Structure formats: structure tokens, C-alpha cells
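Protein chains in written order, with this note's numbering: chain B, 835 to 1265; chain R, 51 to 476; chain V, 835 to 1265; chain H, 51 to 476.
We put the beta carbon where it would ideally sit given N, CA and C, even for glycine.
4 protein chains.
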Amino acid sequence: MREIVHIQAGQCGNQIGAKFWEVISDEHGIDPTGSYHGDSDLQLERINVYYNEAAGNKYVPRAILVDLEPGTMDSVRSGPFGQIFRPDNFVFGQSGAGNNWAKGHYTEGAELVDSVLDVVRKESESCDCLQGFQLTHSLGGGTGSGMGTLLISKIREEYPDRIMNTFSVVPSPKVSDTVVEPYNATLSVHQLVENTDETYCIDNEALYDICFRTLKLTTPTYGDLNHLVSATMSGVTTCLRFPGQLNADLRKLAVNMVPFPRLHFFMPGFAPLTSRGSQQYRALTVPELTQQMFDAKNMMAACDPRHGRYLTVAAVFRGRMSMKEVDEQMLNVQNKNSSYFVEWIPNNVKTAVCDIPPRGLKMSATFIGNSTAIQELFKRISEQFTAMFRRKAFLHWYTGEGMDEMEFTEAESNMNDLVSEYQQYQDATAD
Amino acid sequence: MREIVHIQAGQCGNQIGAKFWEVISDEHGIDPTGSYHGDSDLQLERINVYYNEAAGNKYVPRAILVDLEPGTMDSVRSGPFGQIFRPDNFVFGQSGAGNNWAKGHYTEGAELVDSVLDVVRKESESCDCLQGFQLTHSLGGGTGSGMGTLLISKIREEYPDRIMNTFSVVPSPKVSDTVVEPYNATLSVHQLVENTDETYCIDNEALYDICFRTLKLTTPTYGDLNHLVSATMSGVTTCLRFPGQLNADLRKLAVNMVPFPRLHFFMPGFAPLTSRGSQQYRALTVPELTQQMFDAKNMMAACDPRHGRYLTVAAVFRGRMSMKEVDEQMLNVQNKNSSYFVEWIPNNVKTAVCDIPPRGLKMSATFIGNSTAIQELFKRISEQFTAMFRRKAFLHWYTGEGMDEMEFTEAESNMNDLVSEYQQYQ
Amino acid sequence: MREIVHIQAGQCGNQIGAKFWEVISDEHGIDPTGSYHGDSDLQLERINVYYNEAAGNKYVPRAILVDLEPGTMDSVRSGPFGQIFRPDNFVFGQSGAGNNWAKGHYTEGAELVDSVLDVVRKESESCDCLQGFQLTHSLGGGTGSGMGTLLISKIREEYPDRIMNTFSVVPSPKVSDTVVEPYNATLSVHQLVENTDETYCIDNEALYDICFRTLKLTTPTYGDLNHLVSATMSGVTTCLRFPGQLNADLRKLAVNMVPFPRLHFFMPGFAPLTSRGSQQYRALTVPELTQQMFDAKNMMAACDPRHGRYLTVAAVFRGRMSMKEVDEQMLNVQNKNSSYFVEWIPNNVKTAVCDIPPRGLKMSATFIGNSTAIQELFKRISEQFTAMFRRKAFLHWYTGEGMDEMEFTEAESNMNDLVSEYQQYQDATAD
Amino acid sequence: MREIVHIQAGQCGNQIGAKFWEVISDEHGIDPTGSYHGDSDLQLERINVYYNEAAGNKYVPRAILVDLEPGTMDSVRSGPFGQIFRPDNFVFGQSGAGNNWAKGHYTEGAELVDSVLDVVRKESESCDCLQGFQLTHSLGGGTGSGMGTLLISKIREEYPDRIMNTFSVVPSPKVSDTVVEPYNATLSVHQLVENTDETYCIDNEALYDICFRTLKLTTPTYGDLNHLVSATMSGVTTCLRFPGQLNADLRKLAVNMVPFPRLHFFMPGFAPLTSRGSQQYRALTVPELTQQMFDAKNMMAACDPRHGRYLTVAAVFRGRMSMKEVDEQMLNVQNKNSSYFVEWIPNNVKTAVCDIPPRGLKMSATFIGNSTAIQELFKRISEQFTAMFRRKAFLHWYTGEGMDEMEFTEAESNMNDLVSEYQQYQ
Ligand SMILES: Nc1nc2c(ncn2[C@@H]2O[C@H](COP(=O)(O)OP(=O)(O)O)[C@@H](O)[C@H]2O)c(=O)[nH]1
Ligand SMILES: Nc1nc2c(ncn2[C@@H]2O[C@H](COP(=O)(O)OP(=O)(O)O)[C@@H](O)[C@H]2O)c(=O)[nH]1
Ligand SMILES: Nc1nc2c(ncn2[C@@H]2O[C@H](COP(=O)(O)OP(=O)(O)O)[C@@H](O)[C@H]2O)c(=O)[nH]1
Ligand SMILES: Nc1nc2c(ncn2[C@@H]2O[C@H](COP(=O)(O)OP(=O)(O)O)[C@@H](O)[C@H]2O)c(=O)[nH]1
């Protein structure tokens, strides 16, 4: 019924989406060949949310892979679960963006966007009732940032009422993996704040902090980070696929989480997360899930939520639970820690409970927080962008692709307006 | 997907290119006869980046050999891996350069550049998507400097949007191997600063220092210096050939590394480098690679980076690693040694991680630093150029080949303007 | 219901706490793997006093281990019962205090106290009804003294009405194991007298005297001393865990034992204690327990109670007993030896009787005496501190950590005030 | 957790350090090749205190060798356990010290200290938590005295809060091995009393007395004196490596032992020491260890402690023991011999008990005494220094290297002030 078109863009985003499809196919009992070998009847009851049936009991993921270089495409094709994707959906150029937003947004992505949109339209025509779109990409890259923003603009133009969800990997506060990361991030945010319904802020540095501090991993690979991001992704759209005591689709989350049209950048989280050894010392109760969810050191975005206030909070639980216990924990958190929630919104937390827990767990819960502490991320990116743009650092690389400097000025102005709005709404007396 | 055309010009350029192709053929399992005898599918998955497939299960390096004298080409053709190149790509004249930039750029190189460009265009037509070119040459000689700068100008005119990379051997601060090195070096920089995308500064003085202090080599010949240079060359383009956790090809490296169009002169480095005796006493960890990379005594350019400040830094790692450990080491380096980085650029270091280590190593990492300390090289070259030009020393050898004093004055002015810019951003 | 948070600090204190948890797990039938393999139903009826259940019938001790050096932590992890502790509760630095109170209290312990308090808050949130806290440490050391006093101050600030009990190892009268023991002891007492509800004075020298004189041990190890201290610890909180004819929790003992807010330093004791051979010559009757309890040579604090008067006395018995016999013995002791009890307090002895004796015994009894003879300990420590401070002996080691000399003066003044108070209340005519 | 960097400077320092590393490698089961062949998990549980793990199941001692002459280093490298050190840590010059403090401190040591400090910082960066440094050197020579004092000053400036321990061989009261021992000794104490945390006074005279009277050795070479010194060195830091009933690391030892910042010169001792013949006639009990420890004829410093009074006393025991027996013996010693302890410090002796005895022994104990009787050493050194300086004997050899008479006067004044303090507290 309610179907989601997943779009992969860039190395940082498509590389996640591969792990995401691994996890999703594991949840629904679909082996790396597309054949169904599950046990529970509920696995195929809502299988069409992500999977088209391919006339012979093979299920094909409704996914579209976009990049400007075929290397990541070959890597995805050769790896595990690379044989379930439809070969027609691997749309890729030959040049590559080179971490240049202007390039990937105006020349190479502009040449490839027509084929990408043809594939998107073909996937949307095959649907029963299109719920929305799902994009995975990074903000500080090339293909990812520019190509994803271009695709979001195009699709928002074509489908104005569908849901546009993006899981964006944001720049890290300490270590940057791209020398021009501020420009790409600022331009990508300027494009995102105008077209997306909700966007999730994944920060790699926070993911390494979680892997070392909580999971006690000494050698964490990108498999683990992509697995955490994919667990978040699966927890988001769980209510669309399995029944539960309280259902909450993407639109319900968007309504309950976005108070004003521009404040839609969320801090995702996940629980439970334990090391391999500490499993035998932790009982799994709803209070434990609640304690780990509302934890600053558990956020996947490198922004301390204790430095701001929560506008809205989504808490999607999974597994057999008591509604009284979940409601009790939410209310106790709101009452005991009232100094961290926005005053002019009563009942800040949205609650959803599903019946089917993730693979191997008795129960879990996905945290989605809309906190004003994301102004830290935005202000840091704005200050770095100003420091680099004042000297025109590497500005010629973007002006040589036909991009205007006034466009950079407008993007900086929009970023600062978003920062000022986030600051305006926190610490605003409800009187 | 992406393909590279390699052009090697000069005696030094041909030697470094022969060693480079030996190393590259070893990485992809291509024996000296062109046959493939590897053991991993990744070796053939992206082999077309450097190799054209001549039907018959044989691969031919997409390399073009340029020289004004046939001796170096004969030595290259007769040696090991000399039978792997295409015989049509040995484009050489008969006159010789004579370590004269004027000669090699206006008379002999001008007579040979038409055939060289014919070969270049033929090689370019056989690609699916041309990524860019690489020029291996030295700035001290006649064929290298003049011929390579002429070829760079011609190709930049023909291909204005492709990546132009050059691996230039720069004059040494202690002992020159050519009496007229300042003239050739200045006249070559006058073209390189205008036509190239990124230039890697390699100095034989720093290579001898590495081979002696670090590798503990009693008798290092050029077979080892060229091997170090080839290790750098292979580490630069490892993201175009093998998969990894975080990719960064030539275009993205040039984007992250060059803040302003004229400041594109880099200091390459490599780690790990250990002697055979000290090999059993050193644990190979990512912090060790990070410590050896950002080391002044490990730079392949004879310029102390501690006398300047880093604009941008590239750190391409190879082998199974953790993203978190690499990022933590980069952040520790940026924080603890913040006084050597320009304050107007946050997060100077841009990293990349490949999943395939070099042959025989568990892991390694190539350092590419764009430091303002490179202004010392240009200041020394400009001082020597002025000292020689104020007395017209060896000047008739260049004015008798078609040049004039106005061109030398313009080259000196461009060199000094580059110096002034590098000092301005420090 | 009533739960206790045990906190281990320092080598001298954590080293006890290991033996304490061995004994407690033996009493409740919990093997070194956390599994329950007891016999009596009463062992699990009040198991939550010390143990959190870990979702699978494994019980985890509600203990927190604190030190400034990981050596003792590794020793505890590797030894027996080291696998029942939760790995998240091993909070340790890297430097070490070096028997410097100023260091461990102001720099290293100050750096570690935030993590320690986070663990403490997490343990307190999981409780049903927090009764109080329990600290085991030494006064003449580094991590022990300074770190424990800092933790006591922090927790007293956060939880002002909970019970703060500390089992402190005090300096010995003859042999000192630390050259700077007077300074650490004086500063630790200055901090303790202001925040703790009751503190027990364990002296090693008295423990060797008991081991040689009474137990007839020729080669007593710290296993035996820690075992005696742990037997005392278990006898203190027995009424909170097993039923009895007279129940007396920690708060009842604190009320009946501390007449004035500053006089809360107790002299613990234990009975019966016999050698291996003399067991066949001693009948175990309540009069025998009473005779051994009120014995100066049986005190675990190296202070002769015959040199002072008893303000209050606690006598917690264990095992099947006649109430008439216990009351008769208490009354006979008060009447025949009236010259050793404070005149202005009638009925100096508090009586508590539990039904379950310790492991292997038919019955026992724990002595807790609040005698004015502890002024001997305090006056000796004050005189040694004065003798060392007059010459500024090793004072630079503490002033180099940012500590003020006026703070030493204040600590000495408070110590002397405590001595003067103890002397004021004894030999004070009740007329 | 805690880690130590060992620095050995001079011929005497290098010999003692080689023997020390032999003993330490024997304790942790590390064979001369670096491979681990122990039989107890406790050997590897805290092996990182002295050993860096070079990946490959090999351990490398965290030791730095310093000398101004390559002969001693060649002898160390060629001998047994010479292959266990890292080859990069042999930092040596070519000139030689010549038993001249001025030379080794201002010219040759000054030329070498930059490389030595580079190695020191490299070793320090590889630790989790640096506990402190140990310097093994002699006060009579040129490399030892001058180079070690220079290194101590440099490191104290770089690391102001780490534990600086030195194991100094002091001049003998009967026969000097260098004609200018007073000058070097005074100029070295002038730095040691200012920059170190604790200094252990070892005298070869007392070591010969021990080897003859106690061990009944007819022909004791330095292979035995260095073994005694190494036994002391290993007993000092045994609480950092093996668990025990009562721990006391370097920081707590320095806290308990040094009452005033300048009185940090200790008299090390060791027990049990028995000949092979008398071994079958002596029962090994804790009272026997206590009796042999507090014995004037057992002190490794040639100063009779019965002529002074003890400020503080450290007694680190090793092996399975009873806390009560050790405490009773300490109390008996303090009570029966109360006239040798300062009355203004109660409970002078601070003890520590480790659960692992030395190799081959059931139990042992290391004595560390801070006695005011050490003023005899400084009085003798000051008398000899004054007698030589009043006539400018051998003075030109030090003034021709950059020193002046003002510096000698200041060193003499500092020595005499230390003497005056030690007498003041007696
Ligand atoms: N979490 C995660 N982040 C990644 C991964 N690969 C790359 N990144 C991040 O993405 C950024 C690089 O952008 P990238 O997407 O590779 O450039 P693009 O391909 O041109 O869009 C860096 O900051 C990396 O930290 C991955 O597999 N997982
Ligand atoms: N790294 C390296 N440098 C070389 C080699 N051969 C020559 N050079 C350097 O290049 C300079 C000589 O220029 P060269 O290229 O031989 O003159 P050309 O033939 O006219 O280009 C000298 O300064 C040499 O130090 C080589 O094989 N490797
Ligand atoms: N009863 C007992 N006392 C101990 C034990 N270990 C150390 N002590 C005493 O504690 C004092 C040393 O203080 P310590 O706690 O080790 O120093 P810290 O670790 O810095 O706090 C000495 O007086 C010892 O007698 C033990 O296991 N049992
Ligand atoms: N214990 C010990 N003392 C030594 C050894 N070698 C030399 N000494 C003493 O050290 C003094 C010589 O100083 P030395 O260190 O050799 O001079 P340096 O090389 O300039 O530091 C003499 O008084 C010797 O008695 C040794 O192996 N062990």
C-alpha cells in the first residue's frame, strides 16, 4: 500500500544504502538472491513497501543508485546482496564530481539528472500509493551533496505532496574529511531547508564516539557505522511494515515532529546498544531503553542536546511492551528534566510502539529528537564558511563551473537565518 | 570509468617512468611480457586506468615516451619491462637537448612536439572517459624542462578541463647537477604555474637524506630514489584503481588541495619507511603512519615545512584500517601542532582510505602537503637566477636559440610574484 | 525495597570490598558467575538490597569501584568473583595519587569524580527506595582518603537525607604504613566529621592483635583481616536482608548510636572468634557472645575502651536466640560495669536480633560501640600532625597541588575541636 | 596504566643499564631476541611499563642509550641482550667526554642533546600514561655527569610534573677512579639537587665491601656490582609491574620519602645477600630480612647511617609474607633503635609488599633510606672541591670550554647549603 522510493546518491550515501538493504532484506527474510525464505507471515504482508515482485517470487528492492563515478557502483554490484538490485536502476556517469558542489550540481549531475528522473518516474508509476521518497547522502561531498540536492529539487517540483526524507551525513566538528567541506555543507543546507519534509543529521564523529564509548569497539569499520545508520533507518519506517499497538507512518512523524516549516533537522538515536561482554549485566526493560534514548552521549549527531531545548521528540519503540510502562517513562522524563524541553509545547514526546522487534533483540526503540542544539552544527558550519569565503579560498573551483558568488552570499544568508530562527525559538518564554 | 595517459619526458623522466611502470605492473600482476598472472579480481577490475588491452590477452601501458636523444630510450627499451610498452610511443629526435631550455623548447622540442601530440591524441581517442594526464620530468635539464612545459601548454590548450598533473624533480639546495639549473628552473616554473593543475616537488637532496637517515642505505643508487618516487606516484592514484572505505580521485584531490589557482605546488611524502634492521623493532599502527607522515625529515622536497604553514593537506591511506583511528590521529595532529596551519582554513587535512595495501606491506599512507614553506625553494631559485642574469652568464646560449631578455625578465617577475603570494598567505 | 549503593575507593578499601562481596554472595547463594544456587527461600526474598537482576537470573552487585590506578582494578577483575561485577562500574584513572591527599582530592580525583558521580546517579536511578550509601576506604592513603572524602561531599550534596556510612581504616598507633599518614588522616577526618552519618574505625594493628591473640593465627594474611572486616560489614546490614525477632535498619542504628551530630565514630567488634583447636572447648551461649563482645582486646579499633565511657552501644545478634537471654546479658553488663557507661544516658545498649546466623555458625553477634576512648586515636593523630606540620614536613608536596596552608590549620583546629568535644562529654556529671 | 622511560648515559650508566635490562627481561620472561617465553600471566599483565610491543609478538625495551663515544655502545650492542634494544635509540657522538664536565655539558653534550631529546619525545609519545623517567649514570665521569644533568634539566623543563629518578654512582671515599672527581661531582650535584625528584646514592666502595664481607666473593668484577645495582633498580619499581598486598609506586615512594624538596638523596639497600656456603645455615624469615636491611654494613652508599639520623625510610618487600610480621618488625626497629630516627617524624618507615619474589628467591626486600648521614659524602666532596679549587688545579680544562669561576663558586655554595640543611635537620 504505502510505498517508499529509496534513492542512493554518492559514496557516503550509497555505501549506507547497501547496508540498509542488507538489513531490510534480513528483516523480511529475503536472501541475497531475491528469493523469500522467511518464517513469519507478517514478513510478506507489507513487503511491497520496499519491494517490487518480479514475476516468479523474486523480490526486487525499490531502490535507485546514483553516482558520477562507476567505482562505487562496481563495488555495490560485486558485494553481498548486490544481485538483488535491478540492473536498470544503476544510473552513473563517468567523470565524477571531485567533492565540488558546483560541478556535481550544475554540470555532471545536470547531465545525469534526466536519466535519474526517468528511473524515478518509472519506479513511481509502478507503485500502488506512493508514500514518499527516501534519500541517503552526505553533505560535505561531491555527487552526494550536489546531486542529492538537485534530485530533491526536481522531485519536489514533480511530486509536491509526497514525503521527502533524507538521511544526511553532516560535517564533523573536529576532523573534516574534505578540505572544501564548509562550502558543500552550506550550499547543501541552503538547498535542503527549502524542499525536504524532514532530514536526519548523522555525524561520523558521533558514530565513532558511540562505537568506542558504548559498543566498546577498538577496531570499528564503516560496516559498523553504516549498520548503526541502517538500524536507525529501519526503526524509522517500522510502523509502515509491521503491525503494532500504536502506528505512526512517515507523515505522522513529520506532523508531530516539525512545528515550523524550516525547523526539520533531527538528531536520531538508537537503543539498546551494549558491548559484547556487558550484555550479561544489563536487564532489558522499557526504563532502560528510555534512559539510553534520552542520553546526550548516545546521539548520532555530534551536537550536545543539553545545550538547547527539545521542540519535539519522537520515540518509536519495537517489540512486545506495556503501554503504561512507555507512557510512564516518557512522562517521567518530561517532568524530571523539564528544563530541557520547550516551554510553549506541552507533551513534547511522540510515542509509537510496534510489535516486531529487530533481528535478534527482544525489543528496541529509535530516538528522533528535534532539538534547538542543532544550531551548534549550523553556526559552526556558517563560521567555517565565512572564514573560508572571506579569503575566497578555493572559490575559483566553484565559480569556474558557472556558479555565481552572489549564490554563495545567498546561501550564507539562509544558513544564518536558520541559525537565528533556531536561537529565537529556544529560551523564548511561553508568556 | 576513469583513465589516465602517462607522459614521461627527459632522461630523469624516463628513468622515473620506467620504475613507475615496473611498480604499477607489479601491483596489477602484469609480467614483463604484458600477460596477466595476478591472483585477485580487483587487479583486473580497474586495470584500464593505465592499460590498454591489445586483443590477445595482453595489456599495454598507456604511456608515451618523449626525449630529444635516443640513448635513454634505448636503455629503457632494452631493460626489464622494456618490452611491455608500445613501440609506436617511443617518440624521439636525434639532436639532443644539451641542458638548454631555449633549445629544447623552441627548436628541437618544437620540431618534435607535432609527433608527440599526434601520439597523445591517438592515446586519448582510445579512452572511455579521460581523467587526466601525468607528466614525469625534471626541471633542471633541457628535454625535461622545455619539452615538458611545451607539451603541457599544448595539451592544456587542446584539453582545457582535464587534470594536468606533473611530478617535477626540482633543483637541490646544496649541489646542482647542471651549471645552468636556475635558468631552466625559472623558465619552467613560468609555464608550470600557468598551465598545470598540481605539481609535486621532488628533490634528490631530500631523497638522499631519506635513503641515508631513514632507510640506512649505504649505497643508494637512482634505482632506489626512483622507487620512492614511484611509490608516491602509485599512492597518489590508488583511489582510481582499487576500492576503499573513502575514495578520493585526482579531481577531488586537486579540489581539496589547491585553495588558489596559483598555489598548487606540493611536498609529497611516504610512510612507512624502515631499514631492514629496525623493521623488527617497530609496530606498524595508524598512529605510527601519522607520526612518520607529518615529519619534516620525511619530506621528499628539500624544504623544511616547519619554516612555513600548511594551506591544505592530503593523507591517502592504504590497507585495512579504522576510519575512527585515522580521523582521531588527524585531529590530534591539527590540535597539538596548530601553529603550523593557516588559521583561515578549518579542518586542513583531507583523508582517503583504500582497502588494498602496497605489495608486501600491511598498510601505508601517502602524504601530499601544500605548505607555504615551499617559498624557500622559489626564493633560492630566484636568488640564483638573479645572480646569474645580472652578469648575462650563459645567456647567449639561450638568446641564440630565439629567446630574448624580455622573456627572462617576465619569468623572473612571475617567480617573484609566486614567492610574494606564498609569503602573503603565511 | 531498602537498597544500598556500595562504593569502593582505594587499594585499602576496594581490597576489602572484594572480600565483602565474596562473603555477601556466599550468604545469598550466588556463585562466582552471578547465577543463584542457594537453598533457603529467604536468600532471594531481600536480594535487591545489594543486587540488581540482569534479565536472565544473573544478579549483579550494586557496587562501584573507584581508584586512580588500574592495577588494583585488574587484580579485582582477575580474582575470584571478579566476573560478577558490572564492567561499566570500574571507574579508574591512569596517574595515581601517590598517598598524597591534596593530589587525589584536588587534581586526579577531581578529574575522575564526574565519571564516578555519573555511575553513582545511574545506580541510584535503578533503585526502588534508596536507603543509603556505603563506602570502604582508608584514611592514611591517597585515592582512598581524598577520593572518598570528595565522593562523600558530592553525594551528601546531591542526596542530603540518605544514609552515608563509611568503613574507614584508621592509622595504627605503633606502625605507620605511610610516611605522610598524619596529614592524610587529619584532612580525611576534617572532611568526614562534616558529611557522614556514621563511620566505623577499623585499625589494622588491632586486627593483627585479634588474629594472633584470639584466632591463634601465626601467618595471618590480608585475606583474614579483610574477612573480619567483611564479617563486620555483613553483620551491620543483616537486619535489612533477613527477618528476625527485632529488626534494625541502618537508620535505626544511626538514631540509637549517634547522640550528637559530630560524635559518630564507632568501634566495631565481632563474636564468636575462636582458634581452630579451641572450638571443642567453648560452648556457644548468648552469655559467651556477650562476654566476648564487651572485651577491650576484641575491639577492631586500636583504642582501649576501658580508658573512656560508652555513649551508645549497638549489639546486633544473629541466629535463633532467646530474647530473655540477650536482654539479661545486656542488663547484667550495664549493671556490673556501670563505671564504663555514660551517666546521662540510661539504657546505653541497643539490641537487635536476626534469625539467620552467618555461614557455618549456629549464631553470632556484631558489636558497634560509640565510646569516648576514640579521643585517644584523634589526639594521637592530632599530635603527630602538629609535630610534622610545625616543621612543614612534606608540606610542599601538598601545597604544590594548589592546596592552602590555612586549610591545614583549619583541619587541625577541627580535629582538636572533635577531641575536646569527646573529652567534654565523658566524665561529665549527670547533675 | 603507568609506563617508564629508561635513559642510560655514560660508560658506567650503559653497563648498569645493560645489566638492568638483562634482569628485567629475565623477570618478564623475555629472551634475548625479544620473544616472550614466560610461564605466568602476571609477566605480561603489566609488561608495558618497560616494554613497547612492536607488532609481530616481539617486545622492545623503552630504553634510550646516550654516550659521547661509540665504544661502550658497541660493547653493549654486541653482548648478550644487545639485540633486544631498538637500533634507533643508540644516540651517540664521535668526540668523547674526556671526564670533563664542562666539555660534556656545554660542547659535546650540547651538540648531542637535540637528537637525544628527539628520541626521548618519540618514546614519550608512545605511552598511555607516562609515570616518569629513570636516569642511570655516574657522577665522576664526563658523559655521565654532564650529559645526564643536561638531559635532566631539559626533560624537567619539558615534563615538569613527571617523576625524575636518577641512580647515580657517587665518588668513593678511599680511591677515586678519576683525578677530577670533585669538580664533576660538585657540578653535577648543583643540578641534581635542583631538577631531580629522588636520587639513589650508589658507591663502588660499599659495593666491594658487600661483595667481600657478605657475598664472600674472591674475584668480584663489575658484572656483580652492576647486578646488585640492577637488583635494587628492579626492586624499586616492582609495585608498578606485579600485584601485591600493599602497593607503592614511584610517586607514592617519592611522597613518603622526601620531606623537604632538597633532601631527596637516598641510600639503597638489598636483602637477602648470602654466600653459597653460608646459604644452608640461614633461615629465611621476615625478621632476617628486617635485620639485614637496617644494617650499616649493608648500605650501598659508602656512608655509615649510624653517624646520622633517618628522616624517612622505605621498605619494599617482595614475596608471600604476612602484613602483621612486617609491621611488627618495623615497629620493633623503630622502638629499640629510636635514637637514629628524627623525633619530629612519627612512624618513619613506610612499607610495601609485593606478591612476586625475585627470580630464584622465596622472598626479598629493597631498602631505601633517607638518612642525614649522607651529609658525610657531601662534606668530603666539598672539602676535596675546595682543596682543588683554591689552587686552580685542572681548572683551565673547564674554563676553556665555556665555564667561569663564578659557576664553580655557585656550585660550591649550593653544595655547602645542602650540607648545612642536612646538618640542620640532624
Ligand atoms: N558513515 C559513513 N560515512 C562515510 C562513508 N563513506 C564516506 N563517508 C563520509 O562522507 C564524506 C565524503 O563524501 P563522499 O560521499 O565520499 O563524496 P561524494 O562521493 O562525492 O559524494 C566524508 O566526510 C566521510 O566521512 C561510509 O561508508 N559511512
Ligand atoms: N629522482 C631522479 N632524479 C634524476 C634521475 N636522473 C636525473 N635526475 C635529476 O635530474 C637532473 C638532470 O636533468 P635531466 O632530466 O637528466 O636532463 P634532461 O634529459 O634534459 O631532461 C639532475 O639534477 C638529477 O639530479 C633519476 O633517475 N631519478
Ligand atoms: N585491612 C587492610 N588494610 C589495608 C589493605 N591494603 C592496604 N591497607 C592499609 O591501607 C594503608 C595504605 O593506603 P592505600 O589505600 O593502600 O593507599 P591508596 O590506594 O592511595 O588509597 C596502609 O596503612 C595499609 O595498612 C588490605 O587489604 N586490608
Ligand atoms: N657500579 C658500576 N660503576 C662503574 C662501572 N663502570 C664505571 N663505574 C664507576 O664510574 C666512574 C667512572 O665514570 P664513567 O661513567 O665511566 O665516566 P663517563 O663515561 O664520562 O660517564 C668510576 O668511579 C667507576 O668506579 C660499572 O659498570 N658499574
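If you run the structure through DSSP and keep just helix, strand and coil, what is residue i?
i: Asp1037 of chain V; result: strand
i: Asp865 of chain B; result: coil
i: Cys404 of chain H; result: strand
i: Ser145 of chain H; result: coil
i: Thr1108 of chain B; result: coil
i: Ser1173 of chain B; result: helix
i: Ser174 of chain H; result: helix
i: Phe458 of chain H; result: helix
i: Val1120 of chain V; result: helix
i: residue 1280 of chain V; result: Limits of chain V in this structure are 835 at one end and 1265 at the other, which puts residue 1280 of chain V out of reach.
i: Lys374 of chain R; result: helix
Leaving out five residues on either side along the sequence, give the residues of the same chain with a beta carbon under 7 Å from the beta carbon of residue i.
i: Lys412 of chain R; result: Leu334, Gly369
i: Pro337 of chain R; result: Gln379
Cα-Cα, which of the options is closest to residue i?
i: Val166 of chain H; options: H:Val116, H:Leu300, H:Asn382; result: H:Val116
i: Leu1084 of chain B; options: B:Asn1248, B:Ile1202, B:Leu902, B:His1024; result: B:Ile1202
i: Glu992 of chain V; options: V:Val1009, V:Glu959, V:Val1003; result: V:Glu959
i: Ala1130 of chain V; options: V:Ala1186, V:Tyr940, V:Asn1018, V:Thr1048; result: V:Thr1048
i: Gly452 of chain R; options: R:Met123, R:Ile66, R:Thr157, R:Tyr390; result: R:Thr157
i: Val55 of chain H; options: H:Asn245, H:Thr83, H:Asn102, H:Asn297; result: H:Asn102
May I ask whether a heavy atom of ligand 6 can be found less than 7 Å away from the beta carbon of residue i?
i: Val279 of chain R; result: This structure does not include ligand 6; its bound ligands are ligand 1, ligand 2, ligand 3 and ligand 4.
Between which residues of its own chain and residue i is the CB-CB distance below 8 Å, once the five residues before and five after are set aside?
i: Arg996 of chain B; result: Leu964, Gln965, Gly966, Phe967, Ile989
Less than 8 Å separating the beta-carbons of residue i and residue j?
i: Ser1022 of chain V; j: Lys853 of chain V; result: no
i: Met1067 of chain V; j: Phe1151 of chain V; result: no
i: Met317 of chain R; j: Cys404 of chain R; result: no
i: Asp922 of chain V; j: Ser1198 of chain B; result: no
If you drop the 5 nearest sequence neighbours on each side, which residues of the same chain put their C-beta closer than 6 Å to that of residue i?
i: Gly943 of chain B; result: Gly980, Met981, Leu984
i: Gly88 of chain H; result: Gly79
Beta carbons nearer than 9 Å to chain H: which residues of the region 1000-1026 of chain V have them? Residues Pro1005, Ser1006, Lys1008, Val1009, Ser1010, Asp1011, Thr1012, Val1013, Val1014, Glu1015, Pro1016.
Please list the residues of the region 918-951 of chain V that have a C-beta atom closer than 7 Å to any C-beta atom in chain B, keeping them in chain order. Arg920, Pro921, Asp922
For the region 872-904 of chain V, which residues have a beta carbon sitting closer than 7 Å to at least one beta carbon of chain H? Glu903, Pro904
Just by C-beta distance, which residues in the region 1095-1113 of chain B are closer than 7 Å to chain V? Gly1111, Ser1112
For the region 1133-1161 of chain B, enumerate the residues whose C-beta is nearer than 8 Å to any C-beta of chain V, in chain order. none
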